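The structure appears below as structure tokens.
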Amino acid sequence: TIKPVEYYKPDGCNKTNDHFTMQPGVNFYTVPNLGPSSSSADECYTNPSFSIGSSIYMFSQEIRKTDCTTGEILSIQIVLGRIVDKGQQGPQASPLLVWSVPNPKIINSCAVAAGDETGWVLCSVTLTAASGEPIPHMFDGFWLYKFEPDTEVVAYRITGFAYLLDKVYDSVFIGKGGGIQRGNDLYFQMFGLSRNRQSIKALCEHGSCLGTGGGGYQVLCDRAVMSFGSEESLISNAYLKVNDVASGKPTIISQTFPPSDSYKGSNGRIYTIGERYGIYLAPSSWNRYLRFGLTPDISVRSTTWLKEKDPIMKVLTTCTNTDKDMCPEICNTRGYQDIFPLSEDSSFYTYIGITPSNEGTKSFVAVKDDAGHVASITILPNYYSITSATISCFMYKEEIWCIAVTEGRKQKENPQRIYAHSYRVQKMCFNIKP
Amino acid sequence: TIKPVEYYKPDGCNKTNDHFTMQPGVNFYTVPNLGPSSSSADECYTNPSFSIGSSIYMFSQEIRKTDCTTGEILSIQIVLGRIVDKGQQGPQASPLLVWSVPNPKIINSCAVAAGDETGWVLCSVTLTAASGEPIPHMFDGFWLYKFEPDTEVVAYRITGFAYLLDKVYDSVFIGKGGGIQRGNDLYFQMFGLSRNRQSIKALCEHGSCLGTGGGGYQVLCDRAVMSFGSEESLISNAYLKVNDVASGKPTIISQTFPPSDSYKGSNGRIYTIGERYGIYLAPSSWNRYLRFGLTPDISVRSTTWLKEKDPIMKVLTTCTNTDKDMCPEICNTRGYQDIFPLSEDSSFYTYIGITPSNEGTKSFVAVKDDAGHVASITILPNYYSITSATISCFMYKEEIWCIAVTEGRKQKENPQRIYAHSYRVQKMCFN
Amino acid sequence: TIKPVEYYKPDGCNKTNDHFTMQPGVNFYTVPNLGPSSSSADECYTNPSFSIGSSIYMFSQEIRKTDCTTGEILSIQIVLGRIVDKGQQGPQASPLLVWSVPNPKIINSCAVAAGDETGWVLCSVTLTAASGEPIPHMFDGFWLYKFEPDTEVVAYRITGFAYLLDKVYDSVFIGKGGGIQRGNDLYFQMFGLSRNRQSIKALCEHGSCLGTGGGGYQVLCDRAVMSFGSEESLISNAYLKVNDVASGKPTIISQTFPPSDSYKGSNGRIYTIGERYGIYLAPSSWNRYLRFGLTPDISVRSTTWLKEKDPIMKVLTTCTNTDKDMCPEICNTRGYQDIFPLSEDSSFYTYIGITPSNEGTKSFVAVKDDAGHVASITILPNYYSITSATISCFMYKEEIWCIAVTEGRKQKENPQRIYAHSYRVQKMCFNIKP
């Protein structure tokens, strides 16, 4: 029914005064019941992970009590399903399994990865006291859960020597964006507190700021990635590889981006981009520009960062710097708005932009052009607020179609829920004569 | 003026309670203008290669923008010169040619080899995309440049069937220590990502270590040589031979050290030691001891590793293990401090040690005795830091003299530069 | 009790659509205690040599410390026994002598040959320092050991004028497949480093490969047989003849296969095939097809190579070429899977195939018929891995029976051991019509 996306190029154009552009479809169709949702107003649905494979999809959501940020994790719900045509305007969702993560009080975070008729959930867990109660902010290895239709969920505990991390981590969170399967391996992104014993010079690219001549901005940038304390350690990003996945003896390996090449660690996502791979790192700190990397073989050295700035993250931030110059300061950003590449070098890509208006959010769907042009359509005008977006695209009915998963509140007094929509990406050869 | 080093042995001694030792000279003479240097504070001079032949020397340096490690290569500069006496306390350097490597943005790395009135630069190059811009960490064959006084630099491209390597390599770097010429052949060291599909047991020699599981050390040692990436590959060291150098159609051949017999791949150097040959491999991973091999015909099987531990590499490392026990862990070392052998079995050799003090370095020059005695003299105290050293020795004024080429910063806020100094090795019969 | 094999031909068929084929027996019976085996997990049993004569057999095994490839040779153990019927499903082994080769630390390799109530071990030895310690990778003549029931072993040192080799060899290894006795002579295969002063054109037969134009593949092939070093010399194969073996003054003669007629030198085996003879050469380099030769008088020149490709060696190799085309490359193969001929022309023969599966091996026993049909039966499914096979057949209970000697690990964490099994060869006249 669906196929992995075929990055399409102009069969025609190749003409004087013609531009090959891409743009979002006119409509934003609902994809109902991608996953289950309670109507209980005391419950917050948050931190989704969404990945689409050959034909199946993997989706996960945390159900927390009261507070979306710090409320107790009441449940972590996983859905394996399939993208199918139920005769609607756009593609639809058919859940095949719904499953709950055991002992959710010990989970730091989970994320999903969709492959071929098989799906994965990777979770990091914190240390447990003798009481069984979680000792928060800590790290006690991983759980890997393998999902497959009509097969019991398979559990793997990765602990001890099943993991080897290039730095020593006091806390570990799997990036909610998700990961990918490549052959007999999985790839995720994770971030956390790594112990650090060496001096650093954190990545500190910014615009026109006052007092730049003094090293004061570099001191800000360096402080941004550190920890407050007697023991100062770094909030850092890293790749996780899950080796020997079919063997039944999975091993997890890490390599960490040095502060010289990253901003504060944050929720991330791993992408398969043709023969190459990609990484998205949401803003968590003062730099709110798009942080997206391209890599041929999934290493820190081969990761190159896109120079385009869109989407600029404007919600869920205590920062006060300008979108023009993005001057460094100590502040916190905790949103998520990733992209989906539409070409092999990802010079074309689709995303969702969110701008705050009157303690609500106004949202648009957009496709970025190789020139830098952004084709945008306002979306969800009836919705009160949308705070996050993850997008996964594919071939459906011989066109590129994307599903976007967004946290938000339909009405102001609702508890936060998670909503799924679909749209298509259209290609044109307009002849534009000024 | 200079001759290849004559490992000189006790002329007298041979008496009870008499021991033949060697030691460094009391003074540390400068060797100015071995190669040119810019004052541009935005340029880092890094990764030198220094080799001394019959009478000429070869020197090469990368000039990079801003960052000494990962900054863009603005230039790769080669100097062919002669070691001569200009009436100073010690020997001096006379540049004969200065030349730049074309398209340095495509180079992975280069190294030099000094012969008899002729010198060589071997460079590995990465793939160039359709844009002409380099693709990082990839491989597209080699360039060989032959240098000779009053002769145009002769270039040789070595791609496709002109290079045949015993493993399939995705990335290749020539070891910055340099190489040697033997007859019609050259020998260099190289390292890189080689694809591997067979299970391994990496070389994993250490001291007393008590990991809670205890089985961790072999698994650690196994990871250290493996690569994080899409494809299972090993970071591996290997010998390069350049055949048929006179033909004008040079061919490059490889053989790789298995993980069982090596640590993580790293910058290396090939040595001529009388009738035999030697290899230095800088530490790149948890094992920071001296890794030096001896071989009669330059093969992996005939390579025997010296048991002495000095110099221990203590700078440019994220490792936290002890110099006593060297327990394996996942960490990176990126220094280079080779030795120069002073006897046939390389039981006598000179080296430079660097110890970190308050984010500056304290440095000494030293000579090893066959008993294990170490004769050391502090050097460059006024320099803020020295981070690397390559040493090449020779006969000069009827004595053994060594030149050491060192990366470092004269004062803390300077950009890194490359400095050359000389010293002599004196022979004594202590009682 | 047993007789040398009587290659058996169709007494019937000669009918339309009737085909005379041969096939393996349904069962794979154990042959326990063919030779002794330790329980010490520090010891690897490797490089077996197995030969069956008139009624006795000769068997040898290297016992090395830790590493099967390069571990120190702790022992070289020889067993002379008889194939007998102990009332089992299959034939069984009665060890008659067990003996250790003196000073195993000096041995390069040994191999065996079983005759008529007499067996032989031929060993090549390296040079010794004055310390008594071996100088590896070097050559210092031979030892020949004569074994006979109820008789002490006889030793023959063969040095200096007692060996005449056609090339100057710096290292010499006897092919572990073994040799034969013909009259008053023995015949083995050996390989090693021979000095080379003349240009060469190494055998370079392969399939469809890209870049073939302009040769250059010939350059690979030429390189593949050479040695890396200060001294380049050739890794070459050769026949050994041991003359006047009853004299008590044995002399060893060598004829070397030129590179033009050989791939990289490797462990080999000599066969008696009716009135003619045969040679097996395990793949050691890029060509992994069956290398088997037929010769009427054991000369390099009279050797003809079989055109069949099976068994293809798929284990113990760093090569990455395809089984379809076998493109040359610089790589190493260190397996051993020989055949046993079942007819005078070796158009019928039995073998064992090994295919790698998930860091284990899957194995089958097979018989190839003159038309090209292969009858295969999976064997040793409970075994973790099997990496090598030598097969010798014979008459037993008026049928052809074969014994197969295989290196492998019964379970994954075991040290490598050597295992012996038996099976029979059955003849059929199938009738199939299009």
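Order determines the names: the first chain of the structure tokens is A, the second B, and so forth; residues in each chain are numbered 1 upward, and ligands are numbered 1 upward as they are shown.
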Can you list, as a VMD selection string, all residues belonging to segment 96-344 of chain A that DSSP tags as strand (DSSP E)? chain A and resid 96 to 100 107 to 114 119 to 125 127 to 128 134 to 135 142 to 148 151 to 158 163 to 164 169 to 174 180 to 182 185 to 194 234 to 243 251 to 256 268 to 273 276 to 281 292 to 295 304 to 305 336 to 337 339 to 341
Hey, which bits of chain C sit within 10 Å of chain B, and for each residue what's the closest pair of atoms and how far apart in Å (one decimal), counting only C-alpha atoms, rows by chain and increasing number, as a Markdown table?
| residue | atom | partner | partner_atom | distance |
| --- | --- | --- | --- | --- |
| C:136 | CA | B:302 | CA | 8.8 |
| C:137 | CA | B:301 | CA | 8.7 |
| C:211 | CA | B:160 | CA | 9.4 |
| C:215 | CA | B:161 | CA | 9.3 |
| C:216 | CA | B:161 | CA | 5.8 |
| C:217 | CA | B:161 | CA | 7.7 |
| C:218 | CA | B:161 | CA | 9.7 |
| C:219 | CA | B:161 | CA | 7.4 |
| C:220 | CA | B:164 | CA | 7.2 |
| C:223 | CA | B:164 | CA | 8.4 |
| C:224 | CA | B:166 | CA | 9.3 |
| C:227 | CA | B:299 | CA | 9.0 |
| C:228 | CA | B:299 | CA | 6.5 |
| C:229 | CA | B:298 | CA | 5.1 |
| C:230 | CA | B:297 | CA | 4.6 |
| C:231 | CA | B:297 | CA | 6.6 |
| C:232 | CA | B:297 | CA | 9.5 |
| C:315 | CA | B:198 | CA | 10.0 |
| C:316 | CA | B:198 | CA | 8.2 |
| C:317 | CA | B:198 | CA | 8.3 |
| C:318 | CA | B:197 | CA | 7.3 |
| C:319 | CA | B:167 | CA | 9.1 |
| C:320 | CA | B:168 | CA | 9.3 |
| C:329 | CA | B:164 | CA | 8.2 |
| C:330 | CA | B:166 | CA | 5.1 |
| C:331 | CA | B:166 | CA | 6.0 |
| C:332 | CA | B:166 | CA | 8.6 |
| C:359 | CA | B:199 | CA | 8.3 |
Could you tell me which residues of chain A sit within 12 Å of chain C when counting only C-alpha atoms, and give me the result as a list in words? residues 184, 244, 245, 246, 247, 248 and 249 of chain A
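Chain C and chain A, identical in sequence, superpose over all their Cα atoms with an RMSD of 0.4 Å.
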Please provide as an NGL selection string all residues within 12 Å of residue 359 of chain B, with the sequence filter that same-chain residues fewer than 2 positions apart are discarded (counting only C-alpha atoms). (:A and (198-199)) or (:B and (315-316 or 354-357 or 361-362 or 384-387 or 409 or 412))
With C-alpha atoms kept, could you save the residues just selected as a short mmCIF file (atom, residue, chain, number, x, y, z; two decimals), in the first residue's frame?
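Writing the result to selection02.cif gives the following:
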data_model
loop_
_atom_site.label_atom_id
_atom_site.label_comp_id
_atom_site.auth_asym_id
_atom_site.auth_seq_id
_atom_site.Cartn_x
_atom_site.Cartn_y
_atom_site.Cartn_z
CA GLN A 198 38.89 18.36 30.13
CA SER A 199 38.45 22.06 29.32
CA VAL B 315 49.41 14.47 26.68
CA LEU B 316 46.52 14.93 24.22
CA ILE B 354 56.28 15.36 27.49
CA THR B 355 54.46 15.58 30.80
CA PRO B 356 51.46 17.92 31.28
CA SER B 357 51.66 20.55 34.02
CA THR B 361 53.98 20.99 29.11
CA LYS B 362 57.24 20.06 30.79
CA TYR B 384 54.67 27.22 27.11
CA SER B 385 53.87 23.77 25.65
CA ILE B 386 55.29 21.07 23.36
CA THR B 387 52.82 18.40 22.22
CA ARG B 409 53.35 27.14 21.40
CA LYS B 412 50.27 30.40 25.65
#
Residue neighbourhood residue 274 of chain B, 9 Å, only C-alpha atoms, exclusion window fewer than 6 positions, as a list in words: residues 5, 6, 7, 343 and 344 of chain B
For those residues, write C-alpha atoms to a file as a compact mmCIF listing (two decimals), in the first residue's frame.
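Everything below was put into selection_7.txt:
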# COMPACT_ATOMS: atom_id res chain seq x y z
CA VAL B 5 74.04 6.98 11.86
CA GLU B 6 76.80 4.56 12.90
CA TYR B 7 75.47 2.71 16.02
CA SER B 343 71.83 0.21 18.53
CA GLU B 344 71.02 -2.64 16.20
Could you pull the residues within 10 Å of residue 6 of chain A, counting only C-alpha atoms, minus those fewer than 3 positions along the same chain, as a ChimeraX atom specification? /A:3,9,274,342-344,393-395,398-400
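One finds atom CA of residue 249 of chain B at 23.4 Å from atom CA of residue 259 of chain C.
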Which residues, written as number ranges by chain, have at least one atom at most 12 Å from residue 412 of chain A, with only C-alpha atoms counted and residues fewer than 4 positions away on the same chain left out? A: 358-361, 382-386, 408, 416-417
Expected file: the selected residues, N, CA, C and O atoms, as a JSON list (two decimals), in the first residue's frame:
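Okay, this is what ended up in result-v5.json:
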[["chain", "number", "residue", "atom", "x", "y", "z"],
["A", 358, "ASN", "N", -0.91, 35.25, 21.35],
["A", 358, "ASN", "CA", -1.90, 35.46, 22.42],
["A", 358, "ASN", "C", -2.08, 34.21, 23.28],
["A", 358, "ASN", "O", -3.20, 33.74, 23.49],
["A", 359, "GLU", "N", -0.96, 33.67, 23.76],
["A", 359, "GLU", "CA", -0.93, 32.48, 24.62],
["A", 359, "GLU", "C", -1.64, 31.29, 23.97],
["A", 359, "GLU", "O", -2.14, 30.39, 24.64],
["A", 360, "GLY", "N", -1.66, 31.32, 22.63],
["A", 360, "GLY", "CA", -2.09, 30.21, 21.80],
["A", 360, "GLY", "C", -1.04, 30.07, 20.73],
["A", 360, "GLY", "O", -0.04, 30.80, 20.72],
["A", 361, "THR", "N", -1.22, 29.10, 19.85],
["A", 361, "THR", "CA", -0.26, 28.97, 18.77],
["A", 361, "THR", "C", -0.95, 28.98, 17.42],
["A", 361, "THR", "O", -2.05, 28.42, 17.25],
["A", 382, "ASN", "N", -8.86, 26.00, 13.88],
["A", 382, "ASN", "CA", -9.71, 25.67, 15.01],
["A", 382, "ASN", "C", -8.96, 25.23, 16.27],
["A", 382, "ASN", "O", -9.54, 25.29, 17.37],
["A", 383, "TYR", "N", -7.72, 24.72, 16.16],
["A", 383, "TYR", "CA", -6.99, 24.29, 17.35],
["A", 383, "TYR", "C", -6.49, 25.47, 18.17],
["A", 383, "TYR", "O", -5.97, 26.47, 17.63],
["A", 384, "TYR", "N", -6.61, 25.35, 19.49],
["A", 384, "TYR", "CA", -6.11, 26.39, 20.38],
["A", 384, "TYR", "C", -4.59, 26.52, 20.27],
["A", 384, "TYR", "O", -4.07, 27.58, 19.90],
["A", 385, "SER", "N", -3.87, 25.42, 20.53],
["A", 385, "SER", "CA", -2.41, 25.39, 20.56],
["A", 385, "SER", "C", -1.85, 24.09, 19.99],
["A", 385, "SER", "O", -2.46, 23.02, 20.12],
["A", 386, "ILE", "N", -0.70, 24.20, 19.31],
["A", 386, "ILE", "CA", 0.18, 23.11, 18.90],
["A", 386, "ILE", "C", 1.61, 23.44, 19.32],
["A", 386, "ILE", "O", 2.17, 24.47, 18.92],
["A", 408, "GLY", "N", -0.80, 19.01, 21.42],
["A", 408, "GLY", "CA", -1.54, 20.25, 21.51],
["A", 408, "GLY", "C", -2.82, 20.08, 22.30],
["A", 408, "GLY", "O", -3.11, 19.03, 22.87],
["A", 416, "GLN", "N", -3.71, 18.27, 27.40],
["A", 416, "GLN", "CA", -2.95, 18.09, 26.17],
["A", 416, "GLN", "C", -3.18, 16.69, 25.63],
["A", 416, "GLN", "O", -3.29, 15.73, 26.38],
["A", 417, "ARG", "N", -3.32, 16.61, 24.31],
["A", 417, "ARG", "CA", -3.47, 15.34, 23.62],
["A", 417, "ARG", "C", -2.51, 15.33, 22.43],
["A", 417, "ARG", "O", -1.80, 16.31, 22.15]]
Residue 88 of chain B: which residues within 10 Å, counting only C-alpha atoms, same-chain residues fewer than 2 positions away excluded, as a PyMOL selection string? chain B and resi 29-31+85-86+90-92
Could you write out the selected residues, including N, CA and C atoms, as a short mmCIF file (atom, residue, chain, number, x, y, z; two decimals), in the first residue's frame?
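Final output, saved to part-v6.cif:
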data_model
loop_
_atom_site.label_atom_id
_atom_site.label_comp_id
_atom_site.auth_asym_id
_atom_site.auth_seq_id
_atom_site.Cartn_x
_atom_site.Cartn_y
_atom_site.Cartn_z
N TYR B 29 70.45 22.89 21.06
CA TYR B 29 70.69 23.92 20.05
C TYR B 29 69.48 24.10 19.14
N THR B 30 69.21 25.33 18.74
CA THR B 30 68.16 25.56 17.76
C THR B 30 68.62 25.18 16.36
N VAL B 31 67.66 24.76 15.54
CA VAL B 31 67.87 24.50 14.12
C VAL B 31 66.86 25.38 13.38
N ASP B 85 76.84 22.20 8.20
CA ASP B 85 77.49 22.95 9.27
C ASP B 85 77.64 24.42 8.87
N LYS B 86 76.91 25.31 9.54
CA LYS B 86 77.06 26.74 9.33
C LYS B 86 77.86 27.39 10.46
N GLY B 90 75.79 23.65 16.84
CA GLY B 90 75.27 22.43 16.27
C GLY B 90 74.90 22.51 14.80
N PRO B 91 74.49 21.38 14.22
CA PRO B 91 74.15 21.35 12.80
C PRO B 91 72.93 22.18 12.50
N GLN B 92 72.86 22.61 11.24
CA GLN B 92 71.87 23.55 10.75
C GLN B 92 71.26 23.04 9.45
#
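Secondary structure of segment 131-365 of chain B, alpha helix (DSSP H) only (DSSP, backbone atoms): residues 216, 217, 218, 219, 220, 221, 222, 223, 224 and 225 of chain B.
Atom CA of residue 159 of chain A is positioned 20.4 Å from atom CA of residue 226 of chain B.
In this model, the gap between atom CA of residue 230 of chain B and atom CA of residue 185 of chain A comes to 8.3 Å.
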Pick from A:418, A:375, A:354, A:101, whichever lies nearest to residue 122 of chain A using only C-alpha atoms: A:101
Given only C-alpha atoms as the counted atoms, nearest of B:130, B:429, B:190, B:74 to residue 9 of chain B: B:429
